[PDB]
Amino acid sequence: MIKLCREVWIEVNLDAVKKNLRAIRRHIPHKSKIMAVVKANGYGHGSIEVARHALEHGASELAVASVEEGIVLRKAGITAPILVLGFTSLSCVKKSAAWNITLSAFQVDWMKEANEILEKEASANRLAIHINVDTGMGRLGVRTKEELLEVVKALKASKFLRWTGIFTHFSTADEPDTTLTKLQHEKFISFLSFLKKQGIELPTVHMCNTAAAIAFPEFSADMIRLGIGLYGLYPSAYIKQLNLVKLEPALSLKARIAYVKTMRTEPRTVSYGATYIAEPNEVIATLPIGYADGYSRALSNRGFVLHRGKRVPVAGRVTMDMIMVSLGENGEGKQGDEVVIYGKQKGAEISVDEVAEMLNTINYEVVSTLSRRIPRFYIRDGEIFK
């Protein structure tokens, strides 16, 4: 059984991750590759072990937010292609080439200056580059056909750079009204056919996120980018309710009860602000998780955890490192009992989606804000490690 000083931990089930990959693989066209998106520390699941498992069970490339995230994976021994999705400063062009990291760019000047850096160097390898086409997300990427062609010509003329992909991003593919998504797809195809008409051969084309891979598998082209779905979470209720792919949540968040007491004596005030007053016979359990772990303070007097298969409420405010929950007047319970904060216990469940609804946010945020001070354990073939 796990031995911790501070008894709060994450369990990431890699069997579930395998099934999720397999479910998406079985759904999109046979020829289409999967790029596993493991940015923000694997959406809080741990980038390294999730990347490793994915590359073994259906994924061939990885995506991250930064060169630094890519370097973490390289240091763990991962050799698969790694794409940086955001902007990389020219000060890191040399480093990205040394570490065989693929960068996103979309500007003539960036291609030319990056090529110039490498030229000046004893550079025995070309830096791989994907071009980002902005078809409506309005975040990064080139937005016109004429500028796309100039960027492609600059990249091709840059002998120390190598074009290995071209992509766009869907901003509303998880929504019931598909009008903007169809316009984005049409625009992306039109830019690509424009390049082909110039005599240009296209590298790897990718455009789908989890939502579009599920709702528009016909858009999978050479490769999709599997994010939220890898972790067994749906990009929106609408996509989940389409019932096209069965995903299993990989993450659970657990703790052990640190102390249990009956509130016999006065004051029966609980936690900061004394916003909660216990009954004389009420049992309060203290748990070693708080808002610095990523357990939102807005769950003060609102959240629930699972203990012995039942939902028990957060009592009073969430503090930085601890919460208190009521086991009721008696609330049978002992120091050391296991509680589930996110996940399943007996027949009961508090899903990350339910937590996100309560907080008016999305499951993406709930998992990707889990602090690195919570240790992560991994389940593979029904056994636990790491």
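Start at 1 and count along the sequence shown; that's the residue number.
- 71 to 79 and 238 to 246 differ in mean CA B-factor, and the higher of the two is recorded for 238 to 246.
- In this entry, the higher average B-factor at the C-alpha atoms falls on 191 to 199, of the pair 191 to 199 and 292 to 300.
- Residue-level inspection of the entry shows that, of 89, 96, 210, 265, 265 has the top Cα B-factor.
- Highest C-alpha temperature factor among 41, 335, 326, 66, as the PDB entry reports it: 335.
- Residue 45 sits in the lowest third of its chain by CA B factor, as recorded in the PDB entry.
- Ranked by Cα temperature factor within the chain, residue 125 sits in the highest third according to the deposited record.
- Per the deposited record, the Cα B-factor of residue 84 falls in the lowest third when ranked against the other modelled residues of its chain.
- Annotation for residue 353: C-alpha temperature factor in the middle third relative to the rest of the modelled chain, per the entry.
- Placement of the Cα temperature factor of residue 17 within the chain: middle third of the modelled residues, per the deposited record.
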